[PDB]
Every structure is written in structure tokens, then in C-alpha cells.
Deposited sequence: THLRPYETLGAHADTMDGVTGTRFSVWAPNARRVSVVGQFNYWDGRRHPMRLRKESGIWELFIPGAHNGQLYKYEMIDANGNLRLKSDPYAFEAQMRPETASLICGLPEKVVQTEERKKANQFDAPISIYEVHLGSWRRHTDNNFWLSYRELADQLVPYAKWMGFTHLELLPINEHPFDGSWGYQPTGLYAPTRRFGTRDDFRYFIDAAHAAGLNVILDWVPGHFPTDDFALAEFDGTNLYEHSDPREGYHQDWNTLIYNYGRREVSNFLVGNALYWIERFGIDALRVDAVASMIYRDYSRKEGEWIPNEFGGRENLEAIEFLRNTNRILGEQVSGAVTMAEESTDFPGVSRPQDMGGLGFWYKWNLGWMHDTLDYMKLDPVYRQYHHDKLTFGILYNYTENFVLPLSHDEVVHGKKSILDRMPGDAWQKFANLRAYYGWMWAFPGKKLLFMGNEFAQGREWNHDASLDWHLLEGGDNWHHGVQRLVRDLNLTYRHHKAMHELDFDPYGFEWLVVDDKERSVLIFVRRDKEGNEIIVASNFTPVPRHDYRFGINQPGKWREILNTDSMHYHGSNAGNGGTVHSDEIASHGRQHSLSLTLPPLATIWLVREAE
């Protein structure tokens, strides 16, 4: 089968006549002479040469004795007669850095995707994603050492679960030489990085997240050609993998296979539930449409949908290509979800404003609804927004510290109610003050000592996650106009916005935000479902170090017309706060 080349190519365990060893395979159409230099070979390129079969362009050889755990490389004479030693491109495990040898290990057992994890990826599911860079989430304190995959299984997984997230999204765990690329500049697509342990350690981590009831999304980097360690370029002396600045030759059948293969591998051999492709614009552009890139993405998506249904793909595309998360049969790219960068830009510009000026930019909060139904959106507060002098999310907020925290609380309240799934970068849940530093631990010291405003934000994010998951109105109909309706879309003067989220049964949750520090008392607005209403979420609660203003129990609607509706509520709206209300059955 052509889809799963990692099941044949590379180093696997084989049984050629009683004797055991490993069979090596490499694809290099126009090289001449390739030998296998391992640990079993005293590292001698005279002892073990490979026999090429020219129909496929694949060299191969079976070596008895050669067992799992042994380092190895390929010694190749390239088209030009140069001696270069190459890493196996299908290295399933790579030796500790510097170094670049591959390790014989073979494949892990296939992971079957469970019904409850497939359900967890569906469009009607509450999806709240904790985005993490494994190298900088936590460190050991005395020595500043990385946490291993296994320590991450014992600390990060329980933390994410308790905080009420449904998904853990990982910056690329591909093998990569430079910590500073964050994993986006890989050298070994099929080996999880050795920074945190072995490939079996990574697998234990994935297993642990699943046992805790978490789906795992992996950042997958099919758009960043390896540019380090002569790892993939001019692989056999010619432009094997890359186009004739370095970029994959997607239209070339085998290359495409190498990449679609890689997706299938993470999902099938590691149990990953979803992949995210960054920087899609620079795959499809940079009239300038790279037609081979567009068809490759269309293809890969088609194949995953047929082969591993239940798994999903997500995309970040920054030029408004139409139909990124739409079906290929139409103009689409075939992704299930798209990052809503426009929403992130508009709402942050809005929150940055001195509250006194927000009346003039009401547009920034109401625009998201206009194009909400063109893509299946994730609302993202990602690692890219908290580096390079962009500041932390907290530090973007205006005012003295206490006003900053209140603005940030009100904003999360808004984000968690607004149509679209949720993604939050580590550090944001406890309002880290400093920018993200991939070479240090996050600022957990902020949570040391007596209860403070950072604990307050952290409780709020948990309550938001648990509330968002419990009520279907908040998540069931994000991508259906029936799921959302403005109750007060034009109170610009006071910067009060009020809408309703709705589930399939037609139950409504009312969402109200007051984006200025003026408290509003007896604020009357029209509603759709008369009766008794009660707060289920209040970002000004003392439980989060707010001032504890609010409605103080059940409020009954009145038969007094408002905003073209026949019944209304008259509520207190706390300053710099958002509240959610539910209707009580009688």
C-alpha cells in the first residue's frame, strides 16, 4: 500500500530464514552505492552494501545480528561521487544531540481511536484547548532541567484535566536541532524529540492523556522543509525531496507519500487525535497559488477522512483564502477547523483601548459574527501573540493592575461565550505578566504564597471551562445561525453588549458584558424566554477577586417592551465584567 510507506521503508524487524535481524530500506533513485553503517558494523562501509531495485528506486538489505537499540546511518555515494553519510528520513527514533544517527526500533503497535475521542472532535462538542510547549511549561527548580515525557504525564496531564480543558495541543515534537525554532524547523519527521525521553516515553504520555479523558492535537509541520544538518536537502545528490527558500516538491508522488504517511503515522501509531498545520499561507502562496501545495492539502485531508475518520485537521491561514475549512468538492481546502486570527486581532485591539474610547470601536466586537458562518472557527490566544515584544495578554490591558485583571477576566468571559471553539496558551490561564520564554519555565512563582489575583484568573478559567462544557447552548450550535442571537448590539455609548447562545432544544443562555468601569444598575433589555433568570457565571465574583457586584439571586422578567421585544429583564451589570444567566424551570 502506498499510503503508509513507514510500514516498509526505514528499519524494521524481519525474519529471513530462522535468523533474525532488521531489514533496511531507503528511497534514493539516482545514487550509486549505499551501505548501512551501524553499531553492529564497527561502522564500516565495506562490510555491508545495499541492493537497489530500479523499479521503485529503493535500496535495501537484511542484516542478521542487527537488533533494536543500535545506532546507524547510511553511507552513500551521490550522483556526483561525493561521500555523504545520511540519517534515515524514516528514523523512528534519533540519538541524543548533537549527533544525528538513527536508532533501530521499528514501529509501536497500532492505536485504535475510541468512540469517545471521536465524539470529542465533532463540531457539536465543547472544545477547549490548552496549547503547550513541552520545553517550557515547567522545569525542575534546582537545576532548571526539562521535565521528561513521563513527568509530564504525571503533572501536565492532571493539571489540564483539572483545569477543565478537553484538548492538549503540542507545539511540534518532531526531532529538531534548535530549541529556538520551538519545533517548527524539524530534521526528523518520524521521531519524537529525544529532549524529553524515548519514543516509548512519548507514547506513554499520549496514553496518559487519553486515560485522563483528554484528546491530543499535534502541531504538524509539512510546510517547513528541513534546513539543518543537511538532513533532507539534495538527499541523493539531486533535488529528491525539494523543488528545483527550500520547499517540498508536493506534486512528486513519493514526497507526498512521505508526508501523508507521516500524518497517518502519528494518528495510527501514537494515537494522536488531530493535527494542526501552521502557516498555510506560505504553503499555498509566496496567481501565485502553488497549485501543488493546494492539491496536496486537499489530498491529505481527503485521505485522513477516509482512513482515520474521527481524527480532524485544523489550519492557521493568514490571507483569507476562501474555504480553508470547507469541503474540497467546492473550492475548499478540506480542513475541519480554522484559527480565527481576525477575531484575535479585533478583540485584543478592543481590549487594549482605554475604556473611555471603546464607544468608538464597538465594531471590533460585533464584526466576528458576520463571517462566523464562512469557516469553522477556533478562537485562539496562542504562543505567537505573547513573544517578540508583543507582551503578555495581561500587559495589553489598560489601567492600574486591578483594572488590568478585571479587563482580562471580562475578556475571557466574552471569549468563552462567543461562537467558536477555544484555545489558550499556557501561562494565559493564570495571567502571566512576562512574555513567553521558550528557554525557561513559566512564571509559576506568581502562584506562590497567599491567594492573589493570579489565582483568581486561574479559578475563572476552570469555571469557564466547566460551565462551557456543561451547558449545550454554549457549544452545540457554534456554526449554525440558530446558535447565536444579539439582544443588544448597539449600546455603543455604554459599551454594553448582550447576546444569547442557543442549543438545539432551543434553550437560551444570556451573555452580558459591560466593558467600562461604570456599573450599570436597572439595565433593561428585551429577552425571548420570559420567567426566572439566574447568574451561572460572573467575572466580577469575589471568588476571582472581583468586587462581587451582581444580581444576588433569581431575577424575573417583566412584561415591559424593550428593543422590539415584548418582555425584558432589568439587571445589574458589574463594571469591567461579563455575566452568563440561565433560565430556571418552574
Where are the holes in the model when you compare it to the deposited sequence? 245-255, 298-312
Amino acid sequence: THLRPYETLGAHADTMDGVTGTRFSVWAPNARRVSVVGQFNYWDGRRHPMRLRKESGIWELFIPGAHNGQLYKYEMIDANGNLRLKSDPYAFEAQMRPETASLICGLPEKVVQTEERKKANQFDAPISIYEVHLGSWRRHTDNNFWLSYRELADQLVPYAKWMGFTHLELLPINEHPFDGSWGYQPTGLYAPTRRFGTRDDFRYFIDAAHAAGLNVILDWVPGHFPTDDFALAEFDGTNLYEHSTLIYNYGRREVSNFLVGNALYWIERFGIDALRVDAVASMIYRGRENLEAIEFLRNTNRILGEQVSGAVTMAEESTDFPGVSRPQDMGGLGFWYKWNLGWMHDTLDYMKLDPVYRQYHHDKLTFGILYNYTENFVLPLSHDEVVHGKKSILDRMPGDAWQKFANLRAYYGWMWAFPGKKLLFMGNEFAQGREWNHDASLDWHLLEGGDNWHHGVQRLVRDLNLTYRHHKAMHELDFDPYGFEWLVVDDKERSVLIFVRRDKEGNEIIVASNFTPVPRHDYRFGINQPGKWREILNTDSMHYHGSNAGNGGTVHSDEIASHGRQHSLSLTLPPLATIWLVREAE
From here on, numbers count along this sequence of modelled residues.
Pick between 306-314 and 393-401: the one whose mean CA B-factor in the entry is higher. 306-314
Higher mean Cα B-factor in the deposited model: 289-297 or 381-389? 289-297
From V457, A417, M76, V496, residue of greatest CA B-factor: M76
Just to confirm, going by the entry's C-alpha B-factors, which of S148, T193, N82, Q432 comes out highest? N82
What third of its chain, lowest, middle or highest, does the C-alpha temperature factor of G197 fall into? middle
Ranked C-alpha temperature factor of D228 among modelled chain residues, by third: highest
Name the third of the chain's ranked CA B-factors that contains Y184, choosing lowest, middle or highest. middle
Comparing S562 with the other modelled residues of its chain, is its CA B-factor in the lowest, middle or highest third? middle
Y411 - Cα temperature factor, lowest/middle/highest third of chain: lowest
